[PDB]
Number of protein chains: 2
Amino acid sequence: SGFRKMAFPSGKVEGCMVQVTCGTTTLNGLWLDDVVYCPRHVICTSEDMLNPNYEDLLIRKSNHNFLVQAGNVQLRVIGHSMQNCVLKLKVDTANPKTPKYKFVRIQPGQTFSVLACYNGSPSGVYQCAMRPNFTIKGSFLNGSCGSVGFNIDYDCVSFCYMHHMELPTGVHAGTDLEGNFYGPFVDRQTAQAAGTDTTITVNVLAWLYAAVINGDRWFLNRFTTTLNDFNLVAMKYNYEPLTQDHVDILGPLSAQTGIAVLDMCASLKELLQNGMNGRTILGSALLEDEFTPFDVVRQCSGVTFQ
Amino acid sequence: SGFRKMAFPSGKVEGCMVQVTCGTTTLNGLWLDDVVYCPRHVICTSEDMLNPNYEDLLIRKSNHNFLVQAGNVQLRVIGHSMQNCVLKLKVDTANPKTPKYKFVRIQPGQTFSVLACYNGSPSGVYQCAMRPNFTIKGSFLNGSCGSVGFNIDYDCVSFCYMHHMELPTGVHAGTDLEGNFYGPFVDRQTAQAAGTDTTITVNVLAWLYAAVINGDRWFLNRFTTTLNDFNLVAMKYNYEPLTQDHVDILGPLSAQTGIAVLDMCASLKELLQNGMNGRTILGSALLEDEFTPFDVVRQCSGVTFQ
Ligand SMILES: *[C@](O)(C(=O)NC1CC1)[C@H](CCC)NC(=O)[C@@H]1[C@H]2CCC[C@H]2CN1C(=O)[C@@H](NC(=O)[C@@H](NC(=O)c1cnccn1)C1CCCCC1)C(C)(C)C
Ligand SMILES: *[C@](O)(C(=O)NC1CC1)[C@H](CCC)NC(=O)[C@@H]1[C@H]2CCC[C@H]2CN1C(=O)[C@@H](NC(=O)[C@@H](NC(=O)c1cnccn1)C1CCCCC1)C(C)(C)C
């Protein structure tokens, strides 16, 4: 038993990280096959950040302006293209450590593991969730951009995020592996507001099941509710509205514990209006929303990976 | 910026995990060089657990009673010895992926990363601390024993824990890599109490510095205290007493922020007696004690690994 913020093993990703340099800027790139992907602002100088014309900037850059390294090994750039906000650097040497991967774009509420790196070298791994406002609350310092977020499906690494920037509020934003930002952000140094954030209701319910699985059942009650009646209370506390789909995804956890999802919603409803009254759930004094139903099943069922 | 429960990249450890079988028992082993280390209770049957005589049990076992696998690859056991509560299986094939390692025994309050595995396959990675009562609050299921805890020092993996069992309270216990349990536990199925647990004061102070580094400074005050006066309040709230050594280890964080350790103790003192009054620090409503001063520096300074 037990329950922790568990991340995916990062072995498969560690072997794809490289160091990319252009001018005085050094950041990380993702080396898969014979391509190195990295944030396109790597070609900008501090003066260009205000209002960059990436197309024109890229046109003035030649393959030898890009120094790419993989430890000692220096890769040779054969070509450079730009896809959305991501830069693709064709290289002479293909990556032998290229795992079986794919690029996916996650949705708000879904979670993934982040391999924070600096100078192409791994620093740590942690789990986090894509917030409803499309930002993430990560832990990144200068030099971290190019670090990626990923998930694993047995033997397939799914890359879903590349780090690009930080907001004054302390949160982070980036794109998927096709270069499209998550959220309304653009890569230029201007004030850009992230929408209001909300609590990922489905995740909170999953965590509550996890607690029950782990013997913490004090918050359980005999009352019941309807999806409509629950949502009315939820929206008042800035919680995402719960949909029938959410209910279906929580089915497995409901099956395993014998507690209907609406019965669980009824307990959550009470907790929102009455608070936790000095008690904790799974060691926390706040309702945790960064565990998906799948994360709970995986951790409580012991799903492993090739 | 940002602050998360960060674990070490597990690449180097993933390649040392193997599956060990003996009779109807299958668990994980650690394959380094030509030795596979695993919990010695792998030779026991359910009936032997009550009061096992490991020496006699081991004597009745022959090298071919141990099936060891590394994916498809089947290793061949050439010999079997027992060191304390750990079993050493000499093998015909040495591990090519054997990293530059060493075995260390940590102290209460120190943290490490755990690579949870099942059937020799990795499941996830998470950070945790050795509690003052020598247990750990991990996340492990049946089949998890042999999973290890480790740290990394540039290019050297330091193994400091091997999982053996779980207490009814839900916490976990195991040994170091030389087979000595952490705590007063013995590997037999009998009631065995873990001592009273306490809060790792030095860690809490480190986390407070982390918060300051991250802009959360509301709890700061102009008062000051003495180590003796602080400790008197601390012991009342079941906090470990703070020693001059602790103070010295917190020096780097004090240097970086310009806040004396005793000034920080004075803020913590107030928080203990007055509470957080509906506020949070680094997103938490409780004082976190599973981050060492080093963990804070590493995460706030961006230390990486070969
Ligand atoms: C990343 O490229 C990296 O690791 N580089 C290595 C060190 C050399 C780097 C990581 C910084 C911690 N990211 C950036 O430099 C991005 C790039 C890409 C988009 C613009 C520039 C600036 N930048 C930032 O992360 C900055 N943040 C901002 O510029 C935000 N600005 C404001 O909040 C703002 C702007 N004008 C007026 C008032 N406020 C913007 C906000 C909108 C979304 C994009 C980021 C810093 C300050 C470096 C964190
Ligand atoms: C591990 O070997 C594994 O992953 N095996 C794979 C599935 C085949 C396994 C993991 C279990 C979740 N560990 C154990 O089986 C250990 C071994 C080693 C020491 C004794 C046996 C039993 N065991 C346990 O983890 C059990 N826990 C206990 O036996 C605890 N007992 C009590 O609390 C107790 C005992 N008698 C009366 C009342 N209470 C003892 C407590 C003292 C310290 C050692 C553990 C289970 C119940 C399987 C978790």
# chains A, B, ... in the order shown; residues from 1 in each chain; ligands from 1
>>> residues_around(residues="residue 3 of chain A", least_positions_apart="2", cutoff="10 Å", atoms="only C-alpha atoms", output="JSON list (two decimals) with N, CA, C and O atoms, in the first residue's frame")
[["chain", "number", "residue", "atom", "x", "y", "z"],
["A", 1, "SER", "N", 0.83, -1.21, 0.00],
["A", 1, "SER", "CA", 0.00, 0.00, 0.00],
["A", 1, "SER", "C", 0.86, 1.25, 0.00],
["A", 1, "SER", "O", 2.07, 1.19, -0.21],
["A", 5, "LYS", "N", 3.43, 10.68, -5.41],
["A", 5, "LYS", "CA", 3.47, 11.35, -6.72],
["A", 5, "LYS", "C", 4.55, 10.61, -7.50],
["A", 5, "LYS", "O", 5.74, 10.92, -7.41],
["A", 6, "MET", "N", 4.12, 9.58, -8.21],
["A", 6, "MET", "CA", 5.03, 8.72, -8.95],
["A", 6, "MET", "C", 5.24, 9.17, -10.39],
["A", 6, "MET", "O", 4.29, 9.46, -11.08],
["A", 207, "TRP", "N", -8.49, 10.52, -6.64],
["A", 207, "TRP", "CA", -7.64, 10.54, -5.45],
["A", 207, "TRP", "C", -8.40, 10.08, -4.22],
["A", 207, "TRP", "O", -7.86, 9.37, -3.36],
["A", 210, "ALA", "N", -8.52, 6.43, -4.35],
["A", 210, "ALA", "CA", -7.19, 5.98, -3.93],
["A", 210, "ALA", "C", -7.12, 5.93, -2.41],
["A", 210, "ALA", "O", -6.58, 4.98, -1.83],
["A", 211, "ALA", "N", -7.65, 6.95, -1.76],
["A", 211, "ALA", "CA", -7.64, 7.00, -0.31],
["A", 211, "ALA", "C", -8.42, 5.83, 0.28],
["A", 211, "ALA", "O", -7.97, 5.17, 1.22],
["A", 213, "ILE", "N", -9.01, 3.01, -1.15],
["A", 213, "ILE", "CA", -8.23, 1.80, -1.42],
["A", 213, "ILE", "C", -7.17, 1.63, -0.35],
["A", 213, "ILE", "O", -6.83, 0.51, 0.04],
["A", 214, "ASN", "N", -6.67, 2.76, 0.13],
["A", 214, "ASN", "CA", -5.65, 2.79, 1.17],
["A", 214, "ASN", "C", -6.17, 2.90, 2.61],
["A", 214, "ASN", "O", -5.42, 3.22, 3.54],
["A", 282, "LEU", "N", -4.78, 10.88, 2.86],
["A", 282, "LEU", "CA", -3.54, 10.46, 2.24],
["A", 282, "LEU", "C", -2.42, 11.41, 2.61],
["A", 282, "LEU", "O", -1.54, 11.69, 1.79],
["A", 283, "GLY", "N", -2.45, 11.88, 3.85],
["A", 283, "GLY", "CA", -1.42, 12.76, 4.35],
["A", 283, "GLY", "C", -1.53, 14.22, 3.96],
["A", 283, "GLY", "O", -0.66, 15.02, 4.32],
["A", 296, "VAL", "N", -4.10, 6.43, -10.68],
["A", 296, "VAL", "CA", -4.49, 5.72, -9.46],
["A", 296, "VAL", "C", -4.52, 4.21, -9.68],
["A", 296, "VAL", "O", -4.01, 3.43, -8.88],
["A", 299, "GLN", "N", -0.88, 2.85, -10.18],
["A", 299, "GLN", "CA", -0.13, 2.79, -8.93],
["A", 299, "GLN", "C", -0.72, 1.80, -7.93],
["A", 299, "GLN", "O", 0.01, 1.19, -7.14],
["A", 300, "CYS", "N", -2.03, 1.62, -7.97],
["A", 300, "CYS", "CA", -2.69, 0.69, -7.08],
["A", 300, "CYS", "C", -2.77, -0.73, -7.64],
["A", 300, "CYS", "O", -3.08, -1.67, -6.91],
["B", 137, "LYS", "N", 7.65, 5.98, 4.11],
["B", 137, "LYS", "CA", 6.26, 5.98, 3.66],
["B", 137, "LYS", "C", 6.35, 5.88, 2.16],
["B", 137, "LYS", "O", 6.40, 6.89, 1.46],
["B", 138, "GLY", "N", 6.43, 4.65, 1.65],
["B", 138, "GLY", "CA", 6.57, 4.45, 0.22],
["B", 138, "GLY", "C", 5.26, 4.11, -0.43],
["B", 138, "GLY", "O", 4.20, 4.32, 0.15],
["B", 139, "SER", "N", 5.36, 3.54, -1.62],
["B", 139, "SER", "CA", 4.19, 3.08, -2.34],
["B", 139, "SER", "C", 4.67, 1.78, -2.98],
["B", 139, "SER", "O", 5.42, 1.79, -3.94],
["B", 140, "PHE", "N", 4.29, 0.65, -2.37],
["B", 140, "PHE", "CA", 4.72, -0.66, -2.81],
["B", 140, "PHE", "C", 3.57, -1.67, -2.73],
["B", 140, "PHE", "O", 2.76, -1.61, -1.80],
["B", 170, "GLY", "N", 0.89, 0.67, 7.32],
["B", 170, "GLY", "CA", 0.99, 1.08, 5.94],
["B", 170, "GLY", "C", 2.37, 1.54, 5.53],
["B", 170, "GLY", "O", 2.58, 1.83, 4.36]]
>>> residues_around(residues="residue 276 of chain A", least_positions_apart="6", cutoff="12 Å", atoms="only C-alpha atoms", output="number ranges by chain")
A: 218-219, 267-270, 284-287; B: 285
>>> residues_near_ligand(ligand="ligand 2", cutoff="6 Å", atoms="only C-alpha atoms and all ligand atoms", output="ChimeraX atom specification")
/B:25-27,41,49,141-145,164-168,185,187-192
>>> write_last_selection(atoms="N, CA, C and O atoms", output="mmCIF file, in the first residue's frame")
data_model
loop_
_atom_site.group_PDB
_atom_site.id
_atom_site.type_symbol
_atom_site.label_atom_id
_atom_site.label_comp_id
_atom_site.auth_asym_id
_atom_site.auth_seq_id
_atom_site.Cartn_x
_atom_site.Cartn_y
_atom_site.Cartn_z
ATOM 1 N N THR B 25 8.060 -18.327 -5.187
ATOM 2 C CA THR B 25 8.273 -16.912 -4.911
ATOM 3 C C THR B 25 9.087 -16.190 -5.972
ATOM 4 O O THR B 25 10.228 -16.553 -6.258
ATOM 5 N N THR B 26 8.516 -15.120 -6.511
ATOM 6 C CA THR B 26 9.228 -14.290 -7.480
ATOM 7 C C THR B 26 9.289 -12.845 -6.980
ATOM 8 O O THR B 26 8.266 -12.249 -6.646
ATOM 9 N N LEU B 27 10.492 -12.286 -6.961
ATOM 10 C CA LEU B 27 10.697 -10.911 -6.550
ATOM 11 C C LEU B 27 11.799 -10.310 -7.395
ATOM 12 O O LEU B 27 12.213 -10.915 -8.386
ATOM 13 N N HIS B 41 14.372 -13.647 2.220
ATOM 14 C CA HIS B 41 13.139 -14.405 2.462
ATOM 15 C C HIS B 41 12.560 -14.999 1.186
ATOM 16 O O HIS B 41 11.507 -15.630 1.205
ATOM 17 N N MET B 49 7.821 -18.501 7.364
ATOM 18 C CA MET B 49 7.853 -17.102 7.787
ATOM 19 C C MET B 49 7.735 -16.852 9.271
ATOM 20 O O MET B 49 8.290 -15.882 9.783
ATOM 21 N N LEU B 141 3.526 -2.617 -3.663
ATOM 22 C CA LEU B 141 2.495 -3.658 -3.684
ATOM 23 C C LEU B 141 3.175 -5.008 -3.577
ATOM 24 O O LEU B 141 4.399 -5.084 -3.573
ATOM 25 N N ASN B 142 2.387 -6.078 -3.550
ATOM 26 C CA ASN B 142 2.950 -7.426 -3.510
ATOM 27 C C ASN B 142 3.806 -7.545 -4.759
ATOM 28 O O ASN B 142 3.415 -7.050 -5.815
ATOM 29 N N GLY B 143 4.978 -8.162 -4.638
ATOM 30 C CA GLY B 143 5.878 -8.302 -5.773
ATOM 31 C C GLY B 143 6.924 -7.202 -5.848
ATOM 32 O O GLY B 143 7.832 -7.242 -6.694
ATOM 33 N N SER B 144 6.799 -6.198 -4.988
ATOM 34 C CA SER B 144 7.733 -5.086 -5.021
ATOM 35 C C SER B 144 9.056 -5.363 -4.304
ATOM 36 O O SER B 144 10.014 -4.606 -4.470
ATOM 37 N N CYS B 145 9.222 -6.410 -3.499
ATOM 38 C CA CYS B 145 10.466 -6.535 -2.645
ATOM 39 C C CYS B 145 11.744 -6.712 -3.562
ATOM 40 O O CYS B 145 11.567 -6.874 -4.788
ATOM 41 N N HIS B 164 11.933 -4.803 1.780
ATOM 42 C CA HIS B 164 11.627 -6.131 2.309
ATOM 43 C C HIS B 164 10.192 -6.347 2.789
ATOM 44 O O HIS B 164 9.659 -7.446 2.656
ATOM 45 N N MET B 165 9.597 -5.366 3.453
ATOM 46 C CA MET B 165 8.274 -5.625 4.034
ATOM 47 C C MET B 165 7.429 -4.407 4.322
ATOM 48 O O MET B 165 7.865 -3.268 4.174
ATOM 49 N N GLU B 166 6.204 -4.670 4.755
ATOM 50 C CA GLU B 166 5.272 -3.614 5.065
ATOM 51 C C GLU B 166 4.627 -3.831 6.438
ATOM 52 O O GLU B 166 4.299 -4.963 6.808
ATOM 53 N N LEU B 167 4.448 -2.739 7.185
ATOM 54 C CA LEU B 167 3.839 -2.781 8.516
ATOM 55 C C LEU B 167 2.340 -2.567 8.392
ATOM 56 O O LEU B 167 1.875 -2.003 7.402
ATOM 57 N N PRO B 168 1.555 -3.006 9.395
ATOM 58 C CA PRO B 168 0.102 -2.820 9.277
ATOM 59 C C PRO B 168 -0.305 -1.367 9.187
ATOM 60 O O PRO B 168 -1.366 -1.048 8.648
ATOM 61 N N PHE B 185 13.808 -3.922 13.146
ATOM 62 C CA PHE B 185 13.065 -5.007 12.524
ATOM 63 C C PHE B 185 13.897 -6.219 12.168
ATOM 64 O O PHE B 185 15.084 -6.117 11.864
ATOM 65 N N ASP B 187 13.424 -10.039 9.822
ATOM 66 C CA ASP B 187 12.589 -10.598 8.789
ATOM 67 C C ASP B 187 11.873 -11.876 9.156
ATOM 68 O O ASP B 187 12.173 -12.956 8.655
ATOM 69 N N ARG B 188 10.854 -11.709 9.978
ATOM 70 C CA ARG B 188 9.976 -12.809 10.362
ATOM 71 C C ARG B 188 8.597 -12.232 10.639
ATOM 72 O O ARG B 188 8.455 -11.050 10.973
ATOM 73 N N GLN B 189 7.576 -13.045 10.395
ATOM 74 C CA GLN B 189 6.217 -12.590 10.516
ATOM 75 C C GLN B 189 5.718 -12.578 11.948
ATOM 76 O O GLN B 189 4.980 -13.464 12.375
ATOM 77 N N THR B 190 6.117 -11.535 12.670
ATOM 78 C CA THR B 190 5.713 -11.319 14.051
ATOM 79 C C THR B 190 5.404 -9.846 14.230
ATOM 80 O O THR B 190 5.854 -9.016 13.442
ATOM 81 N N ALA B 191 4.639 -9.520 15.267
ATOM 82 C CA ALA B 191 4.300 -8.123 15.523
ATOM 83 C C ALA B 191 5.587 -7.447 15.938
ATOM 84 O O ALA B 191 6.298 -7.929 16.816
ATOM 85 N N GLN B 192 5.896 -6.335 15.293
ATOM 86 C CA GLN B 192 7.121 -5.591 15.599
ATOM 87 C C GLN B 192 6.815 -4.127 15.475
ATOM 88 O O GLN B 192 6.509 -3.632 14.394
#
>>> closest_residue(among="B:113, B:65, B:53, B:231", to="chain A", atoms="only C-alpha atoms")
B:113
>>> select_by_dssp(residues="segment 65-295 of chain A", states="strand (DSSP E or B)", output="MDAnalysis selection string")
chainID A and resid 66:70 73:75 77:83 86:91 100:103 111:118 121:129 136 148:153 156:166 172:175 181 199 239 281 284
>>> closest_residue(among="A:96, A:71, A:109, A:122", to="chain B", atoms="only C-alpha atoms")
A:122
>>> atom_distance(atom1="atom CA of residue 304 of chain A", atom2="atom CA of residue 151 of chain A")
12.4 Å
>>> select_by_dssp(residues="segment 71-245 of chain B", states="alpha helix (DSSP H)", output="compact mmCIF listing (two decimals) with N, CA and C atoms, in the first residue's frame")
# COMPACT_ATOMS: atom_id res chain seq x y z
N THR B 201 12.98 18.35 11.70
CA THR B 201 13.14 19.79 11.80
C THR B 201 14.07 20.44 10.78
N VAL B 202 15.27 19.90 10.61
CA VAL B 202 16.19 20.52 9.66
C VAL B 202 15.57 20.60 8.26
N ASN B 203 14.88 19.54 7.85
CA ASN B 203 14.23 19.48 6.55
C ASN B 203 13.15 20.53 6.42
N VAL B 204 12.36 20.70 7.48
CA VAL B 204 11.32 21.71 7.45
C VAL B 204 11.95 23.11 7.21
N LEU B 205 13.03 23.40 7.92
CA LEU B 205 13.69 24.69 7.75
C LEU B 205 14.22 24.84 6.32
N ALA B 206 14.75 23.76 5.76
CA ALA B 206 15.24 23.83 4.39
C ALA B 206 14.10 24.21 3.45
N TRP B 207 12.94 23.59 3.65
CA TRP B 207 11.76 23.83 2.81
C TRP B 207 11.28 25.27 2.94
N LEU B 208 11.40 25.82 4.13
CA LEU B 208 11.05 27.20 4.38
C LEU B 208 11.97 28.13 3.57
N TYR B 209 13.26 27.79 3.48
CA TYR B 209 14.19 28.60 2.69
C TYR B 209 13.77 28.52 1.25
N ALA B 210 13.46 27.30 0.82
CA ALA B 210 13.00 27.07 -0.55
C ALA B 210 11.83 27.99 -0.87
N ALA B 211 10.90 28.11 0.07
CA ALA B 211 9.74 28.95 -0.13
C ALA B 211 10.16 30.41 -0.32
N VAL B 212 11.09 30.86 0.52
CA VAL B 212 11.59 32.23 0.43
C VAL B 212 12.25 32.45 -0.93
N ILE B 213 13.02 31.46 -1.37
CA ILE B 213 13.68 31.53 -2.66
C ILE B 213 12.64 31.69 -3.76
N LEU B 227 18.97 28.53 20.02
CA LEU B 227 18.81 27.12 19.70
C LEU B 227 18.13 26.38 20.84
N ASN B 228 18.45 26.78 22.07
CA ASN B 228 17.85 26.13 23.23
C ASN B 228 16.37 26.45 23.31
N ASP B 229 16.05 27.73 23.19
CA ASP B 229 14.66 28.19 23.28
C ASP B 229 13.81 27.63 22.16
N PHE B 230 14.41 27.43 20.99
CA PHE B 230 13.65 26.89 19.88
C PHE B 230 13.32 25.44 20.20
N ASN B 231 14.36 24.67 20.50
CA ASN B 231 14.22 23.26 20.80
C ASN B 231 13.15 22.96 21.86
N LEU B 232 13.00 23.85 22.84
CA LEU B 232 12.00 23.64 23.89
C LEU B 232 10.60 23.65 23.33
N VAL B 233 10.38 24.50 22.34
CA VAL B 233 9.07 24.59 21.71
C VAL B 233 8.90 23.42 20.75
N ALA B 234 9.96 23.13 20.00
CA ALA B 234 9.96 22.04 19.05
C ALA B 234 9.57 20.69 19.66
N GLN B 244 23.72 22.07 16.35
CA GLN B 244 24.64 22.99 15.71
C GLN B 244 25.02 22.47 14.33
N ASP B 245 25.14 21.15 14.20
CA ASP B 245 25.47 20.57 12.91
C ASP B 245 24.39 20.97 11.90
>>> residues_around(residues="residue 85 of chain A", least_positions_apart="5", cutoff="10 Å", atoms="only C-alpha atoms", output="mmCIF file with C-alpha atoms, in the first residue's frame")
data_model
loop_
_atom_site.group_PDB
_atom_site.id
_atom_site.type_symbol
_atom_site.label_atom_id
_atom_site.label_comp_id
_atom_site.auth_asym_id
_atom_site.auth_seq_id
_atom_site.Cartn_x
_atom_site.Cartn_y
_atom_site.Cartn_z
ATOM 1 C CA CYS A 38 14.214 22.377 -29.750
ATOM 2 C CA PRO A 39 12.409 25.653 -29.008
ATOM 3 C CA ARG A 40 12.746 28.027 -31.931
ATOM 4 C CA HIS A 41 13.634 31.049 -29.760
ATOM 5 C CA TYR A 54 11.145 34.055 -36.834
ATOM 6 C CA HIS A 164 9.555 27.151 -23.520
ATOM 7 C CA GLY A 174 5.300 25.195 -23.605
ATOM 8 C CA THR A 175 4.200 23.375 -26.759
ATOM 9 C CA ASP A 176 3.509 19.814 -27.917
ATOM 10 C CA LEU A 177 6.097 18.136 -30.173
ATOM 11 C CA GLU A 178 4.569 19.582 -33.336
ATOM 12 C CA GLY A 179 5.285 23.085 -32.065
ATOM 13 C CA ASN A 180 1.826 24.202 -31.059
ATOM 14 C CA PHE A 181 1.569 25.939 -27.741
ATOM 15 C CA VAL A 186 2.950 33.099 -28.217
ATOM 16 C CA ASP A 187 6.737 33.070 -27.980
#
>>> residues_around(residues="residue 74 of chain B", least_positions_apart="2", cutoff="12 Å", atoms="only C-alpha atoms", output="short mmCIF file (atom, residue, chain, number, x, y, z; two decimals) with C-alpha atoms, in the first residue's frame")
data_model
loop_
_atom_site.label_atom_id
_atom_site.label_comp_id
_atom_site.auth_asym_id
_atom_site.auth_seq_id
_atom_site.Cartn_x
_atom_site.Cartn_y
_atom_site.Cartn_z
CA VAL B 18 16.27 -8.51 -12.63
CA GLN B 19 13.66 -11.09 -11.73
CA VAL B 20 14.52 -13.67 -9.10
CA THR B 21 12.54 -16.83 -8.46
CA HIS B 64 19.56 -24.47 -9.72
CA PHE B 66 17.16 -20.07 -8.30
CA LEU B 67 15.76 -18.88 -11.62
CA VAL B 68 17.11 -15.45 -12.52
CA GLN B 69 16.07 -13.47 -15.57
CA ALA B 70 17.00 -10.20 -17.24
CA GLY B 71 14.24 -9.82 -19.78
CA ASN B 72 14.55 -12.92 -21.94
CA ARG B 76 23.01 -19.02 -14.51
CA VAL B 77 23.62 -19.18 -10.75
CA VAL B 91 26.14 -15.44 -11.85
CA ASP B 92 27.89 -16.60 -15.01
CA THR B 93 27.23 -13.37 -16.93
#
>>> residues_around(residues="residue 106 of chain A", least_positions_apart="5", cutoff="12 Å", atoms="only C-alpha atoms", output="PyMOL selection string")
chain A and resi 111-112+129-132+134+149-151+158-161+175-177+180-183
>>> write_last_selection(atoms="N, CA and C atoms", output="PDB file, in the first residue's frame")
ATOM      1  N   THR A 111      -1.978  14.014 -16.930  1.00  0.00           N
ATOM      2  CA  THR A 111      -0.683  14.145 -16.281  1.00  0.00           C
ATOM      3  C   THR A 111       0.441  13.546 -17.102  1.00  0.00           C
ATOM      4  N   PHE A 112       1.661  13.937 -16.764  1.00  0.00           N
ATOM      5  CA  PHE A 112       2.803  13.407 -17.461  1.00  0.00           C
ATOM      6  C   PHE A 112       4.031  13.612 -16.614  1.00  0.00           C
ATOM      7  N   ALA A 129       0.558  17.937 -13.784  1.00  0.00           N
ATOM      8  CA  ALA A 129      -0.642  17.916 -14.610  1.00  0.00           C
ATOM      9  C   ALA A 129      -0.756  19.154 -15.479  1.00  0.00           C
ATOM     10  N   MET A 130      -1.369  18.994 -16.645  1.00  0.00           N
ATOM     11  CA  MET A 130      -1.643  20.118 -17.531  1.00  0.00           C
ATOM     12  C   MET A 130      -2.839  20.793 -16.855  1.00  0.00           C
ATOM     13  N   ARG A 131      -2.695  22.038 -16.423  1.00  0.00           N
ATOM     14  CA  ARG A 131      -3.805  22.691 -15.742  1.00  0.00           C
ATOM     15  C   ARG A 131      -4.907  23.056 -16.734  1.00  0.00           C
ATOM     16  N   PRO A 132      -6.144  23.215 -16.245  1.00  0.00           N
ATOM     17  CA  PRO A 132      -7.244  23.626 -17.122  1.00  0.00           C
ATOM     18  C   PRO A 132      -6.940  24.917 -17.908  1.00  0.00           C
ATOM     19  N   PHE A 134      -4.165  25.572 -19.190  1.00  0.00           N
ATOM     20  CA  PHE A 134      -3.050  25.205 -20.061  1.00  0.00           C
ATOM     21  C   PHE A 134      -1.641  25.556 -19.617  1.00  0.00           C
ATOM     22  N   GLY A 149       8.188  16.555 -21.534  1.00  0.00           N
ATOM     23  CA  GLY A 149       7.271  15.839 -20.672  1.00  0.00           C
ATOM     24  C   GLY A 149       6.858  14.636 -21.479  1.00  0.00           C
ATOM     25  N   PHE A 150       6.620  13.509 -20.814  1.00  0.00           N
ATOM     26  CA  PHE A 150       6.257  12.297 -21.530  1.00  0.00           C
ATOM     27  C   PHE A 150       5.491  11.332 -20.652  1.00  0.00           C
ATOM     28  N   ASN A 151       4.957  10.315 -21.317  1.00  0.00           N
ATOM     29  CA  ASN A 151       4.254   9.223 -20.688  1.00  0.00           C
ATOM     30  C   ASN A 151       4.795   7.965 -21.332  1.00  0.00           C
ATOM     31  N   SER A 158       5.530   8.334 -25.216  1.00  0.00           N
ATOM     32  CA  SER A 158       4.731   9.352 -25.866  1.00  0.00           C
ATOM     33  C   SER A 158       5.165  10.718 -25.373  1.00  0.00           C
ATOM     34  N   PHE A 159       5.744  11.513 -26.267  1.00  0.00           N
ATOM     35  CA  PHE A 159       6.198  12.854 -25.922  1.00  0.00           C
ATOM     36  C   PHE A 159       5.010  13.801 -26.074  1.00  0.00           C
ATOM     37  N   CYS A 160       4.712  14.567 -25.025  1.00  0.00           N
ATOM     38  CA  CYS A 160       3.568  15.467 -25.063  1.00  0.00           C
ATOM     39  C   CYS A 160       3.868  16.929 -24.694  1.00  0.00           C
ATOM     40  N   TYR A 161       5.119  17.263 -24.374  1.00  0.00           N
ATOM     41  CA  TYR A 161       5.415  18.632 -23.980  1.00  0.00           C
ATOM     42  C   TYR A 161       6.890  18.999 -24.079  1.00  0.00           C
ATOM     43  N   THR A 175       4.962  23.930 -25.634  1.00  0.00           N
ATOM     44  CA  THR A 175       4.200  23.375 -26.759  1.00  0.00           C
ATOM     45  C   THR A 175       4.194  21.845 -26.747  1.00  0.00           C
ATOM     46  N   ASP A 176       3.491  21.261 -27.724  1.00  0.00           N
ATOM     47  CA  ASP A 176       3.509  19.814 -27.917  1.00  0.00           C
ATOM     48  C   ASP A 176       4.689  19.629 -28.865  1.00  0.00           C
ATOM     49  N   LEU A 177       4.955  18.399 -29.294  1.00  0.00           N
ATOM     50  CA  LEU A 177       6.097  18.136 -30.173  1.00  0.00           C
ATOM     51  C   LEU A 177       5.923  18.511 -31.642  1.00  0.00           C
ATOM     52  N   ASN A 180       2.967  23.396 -31.397  1.00  0.00           N
ATOM     53  CA  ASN A 180       1.826  24.202 -31.059  1.00  0.00           C
ATOM     54  C   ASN A 180       1.734  24.392 -29.567  1.00  0.00           C
ATOM     55  N   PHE A 181       1.684  25.647 -29.154  1.00  0.00           N
ATOM     56  CA  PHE A 181       1.569  25.939 -27.741  1.00  0.00           C
ATOM     57  C   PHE A 181       0.285  25.366 -27.192  1.00  0.00           C
ATOM     58  N   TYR A 182       0.309  25.108 -25.901  1.00  0.00           N
ATOM     59  CA  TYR A 182      -0.841  24.672 -25.143  1.00  0.00           C
ATOM     60  C   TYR A 182      -1.241  26.025 -24.573  1.00  0.00           C
ATOM     61  N   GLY A 183      -2.486  26.420 -24.760  1.00  0.00           N
ATOM     62  CA  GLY A 183      -2.915  27.712 -24.262  1.00  0.00           C
ATOM     63  C   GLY A 183      -2.775  28.801 -25.314  1.00  0.00           C
TER      64      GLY A 183
END
>>> closest_residue(among="A:249, A:162, A:59, A:114", to="chain B", atoms="only C-alpha atoms")
A:114
